[PDB]
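Input: a single structure, listed below in structure tokens.
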Amino acid sequence: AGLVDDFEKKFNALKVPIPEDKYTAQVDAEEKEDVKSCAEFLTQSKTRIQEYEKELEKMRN
Amino acid sequence: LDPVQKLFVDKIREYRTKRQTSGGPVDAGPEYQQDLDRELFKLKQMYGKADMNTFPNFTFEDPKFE
């Protein structure tokens, strides 16, 4: 019963961590890849779909 | 003895002697001890070898997000 008491005040104190980050750089890559997928390609696509659709208002002639 | 409790006495005072030896009751002797030594060791084989009288402590880590 006295080997036991060591392992109480040890186990009751001895607490486990959760594992850490090492790759949330995927969220910075995701913000950069949304600037690419949204803004960069979105506004460039809105002038290119308009390049055709403005030629479709010219094709109405 | 068969005022039957005297056969308990018959045993019992030889418990009284044995427990009122050391280790509590001994006379089991070294031959018992080699037997012990194996199974007590053999226990450790199943069971690991360290803090069986202290607290084991542990560690926490990661490889990669594969």
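Within each chain, counting starts at residue 1; across the structure tokens, chains are named A, B, ... in the order shown, with ligands numbered 1 upward in that order.
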
Would you write out, as CSV, a table of all residues in chain A that have an atom no more than 12 Å from an atom of chain B, listing for each the closest atom pair and the distance in Å to one decimal, considering only C-alpha atoms and ordering rows by chain and rising residue number?
residue,atom,partner,partner_atom,distance
A:1,CA,B:53,CA,10.2
A:2,CA,B:53,CA,8.4
A:3,CA,B:53,CA,4.8
A:4,CA,B:53,CA,7.5
A:5,CA,B:54,CA,8.7
A:6,CA,B:54,CA,5.5
A:7,CA,B:55,CA,4.3
A:8,CA,B:55,CA,7.9
A:9,CA,B:55,CA,8.6
A:10,CA,B:55,CA,5.8
A:11,CA,B:55,CA,7.0
A:12,CA,B:55,CA,10.4
A:13,CA,B:57,CA,10.5
A:14,CA,B:57,CA,7.2
A:15,CA,B:58,CA,9.4
A:16,CA,B:60,CA,7.3
A:17,CA,B:60,CA,6.7
A:18,CA,B:60,CA,7.8
A:19,CA,B:61,CA,6.1
A:20,CA,B:62,CA,8.0
A:21,CA,B:62,CA,9.5
A:22,CA,B:64,CA,7.7
A:23,CA,B:65,CA,7.6
A:24,CA,B:65,CA,10.5
A:26,CA,B:65,CA,11.3

TODO: Would you please give, as an MDAnalysis selection string, all residues of chain B that DSSP assigns to helix (DSSP H, G or I) based on the backbone?
DONE: chainID B and resid 5:19 29:47
